[PDB]
Amino acid sequence: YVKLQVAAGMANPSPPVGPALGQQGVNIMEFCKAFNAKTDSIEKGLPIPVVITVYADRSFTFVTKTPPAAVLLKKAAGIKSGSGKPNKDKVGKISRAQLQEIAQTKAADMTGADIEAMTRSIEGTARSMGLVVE
Amino acid sequence: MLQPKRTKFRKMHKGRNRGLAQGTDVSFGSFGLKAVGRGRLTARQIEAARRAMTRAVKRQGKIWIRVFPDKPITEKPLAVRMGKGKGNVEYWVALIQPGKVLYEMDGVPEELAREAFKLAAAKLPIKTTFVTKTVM
Amino acid sequence: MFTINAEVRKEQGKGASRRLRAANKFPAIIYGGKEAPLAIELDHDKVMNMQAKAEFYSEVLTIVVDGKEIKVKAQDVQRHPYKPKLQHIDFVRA
Amino acid sequence: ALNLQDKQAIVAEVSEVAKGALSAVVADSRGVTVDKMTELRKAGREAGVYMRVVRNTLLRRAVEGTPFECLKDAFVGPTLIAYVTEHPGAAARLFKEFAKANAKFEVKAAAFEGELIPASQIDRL
Amino acid sequence: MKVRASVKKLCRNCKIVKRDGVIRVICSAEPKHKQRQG
RNA sequence: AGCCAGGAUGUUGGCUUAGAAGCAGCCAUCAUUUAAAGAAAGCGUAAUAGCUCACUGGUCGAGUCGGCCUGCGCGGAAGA
Ligand SMILES: [Mg+2]
Ligand SMILES: [Mg+2]
Ligand SMILES: [Mg+2]
Ligand SMILES: [Mg+2]
Ligand SMILES: [Mg+2]
Ligand SMILES: [Mg+2]
Ligand SMILES: [Mg+2]
Ligand SMILES: [Mg+2]
Ligand SMILES: [Mg+2]
Ligand SMILES: [Zn+2]
């Protein structure tokens, strides 16, 4: 029962993926290319989280979830890297429509009651990496 | 290390330390280190201490030093008989009577200040306590 | 509101005062106004815990002396040099 | 911690949703993750259900606010109450399937109409 | 066994004791915190 | 105080790094479901995982916490 964050159409380098979930009994290339077959639709350069579920027989089922609050906030403000000094140094900007798009993606991925709760959790990740909401 | 820029006379009578202190109260900072016991503070002591509580506050808030080492102490060196004058001036001291306020402080959290003052007092010869400025 | 109970001082001087302070009581005074001064004694503890609030110094309090209140303010107070103690209090008639 | 004022206000909020609620279900909350509990909180805000875990001797003071007083012996043991403010049922049908899904805790005693329902007969709701 | 005239709690698991008229500091966690007065 | 239970999502917050995922280091430290759950008080990893803590519900059943001021004692305390 492991989790990783893997770039869009990508898999099978040695340090990020193979050892981590490969010491758990998982076949590495089925995860790799069924995850690049599922996440071929995610834009190039966004890490997308993947939850791997392993069973006593090593046959696994993974739910690929929507890209992180921090990655959809990197892309919706246009930027590459967020702030090394958040809310002191501010690195980009998103109007409330992008807070709400990222929070519809994460409306599929949150615990929130309303799209205002998911927009407010994406508001929180918007204040975390320094980005301004405008 | 504190010491009078220039003096009227070079040497002094040993004098006594008697009676109680003036400046019993904290007139600048919110907190102060008061002396309970009676003794002489060399400049070295005061300096080391001021250092201690300067490390302790990470150079924040503010620190006053209310005491000054203005009276010169002498010593004849080893292997020297009595007489032949008064000894040479070794170092400077401040006479301390019970209830003087050695350092004042403010712009800081109280807890932190009690701490810094414990660390400051580790370097001092005499019995000391923590105190707060009051209204009247 | 602060109410301080007190007795009239039958004695005076350094000796009286230091016997007062030994007994866990302390001397204070009430002056100001048309009247004559009134020297009184108090319980060190009650007052020490009472001036442990700030308003004590900014406010009109009352002092119960032989059935009779007076309304006063805190004028100045001399404290023992290193001890959590009170040597004396100047009360000015309010 | 909680001041007496804190406890007083909270007793007023439980008594206030208790007056407004159509039906309630008391259950054991022990031995279940906050993941499945936020799952029954989503399945709660979706069913109109008001979910709570409240102190016992607090809930004797709030349930003294009537007509749930038949539940004051159901408060021995950890208490998780589901008030359905919208619809009756949808708490009692959701809890049996959540406790059979988890196979943890209990779901002990319900209350409707002013009477308590024993554990195997909560299938009435 | 740090043997000294000032003995203290060096963490939250250190527990002070007086055994046979000696003040010691005993730790479950850290053998290095074992102290006696002297 | 003990003992049962949980200590959640966004999320591996961004920075940085071959790796930093609460726990090298730099900066922010928000919001959600909340009974409660620090962008985490320590052990832990190549980095994770793994282990307690803060915090809260349960059982328990009446006093408990730590400063202040003093009285008398303990350690500090070895020599022909
Ligand atoms: Mg003289
Ligand atoms: Mg003078
Ligand atoms: Mg006379
Ligand atoms: Mg005399
Ligand atoms: Mg023995
Ligand atoms: Mg307890
Ligand atoms: Mg008490
Ligand atoms: Mg001895
Ligand atoms: Mg010996
Ligand atoms: Zn220890």
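Since chain A takes its numbers from Swiss-Prot, the residues it shows come out as 8-141.
Method on record in the header is electron microscopy, 3.8 Å.
Each Cβ is built from the backbone N, Cα and C atoms, and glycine gets one as well.
Over in Swiss-Prot, the protein carries these features:
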- A:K40: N6,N6,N6-trimethyllysine (MOD_RES)
- A:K72: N6-succinyllysine (MOD_RES)
- A:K81: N6-succinyllysine (MOD_RES)
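Overlay of Swiss-Prot feature records on the structure.
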| residue | record | DSSP (3 states) |
| --- | --- | --- |
| A:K40 | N6,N6,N6-trimethyllysine | helix |
| A:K72 | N6-succinyllysine | coil |
| A:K81 | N6-succinyllysine | helix |
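The separation of A:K40 (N6,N6,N6-trimethyllysine) from A:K81 (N6-succinyllysine), Cα to Cα, is 26 Å. Each of the modified residues A:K40, A:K72, A:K81 was scored by the number of other CB atoms within 10 Å of its CB, and the largest score is that of A:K81.
Rounded to a whole value, the Cα-Cα separation of A:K72 (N6-succinyllysine) and the residue listed as 'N6,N6,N6-trimethyllysine' is 16 Å.
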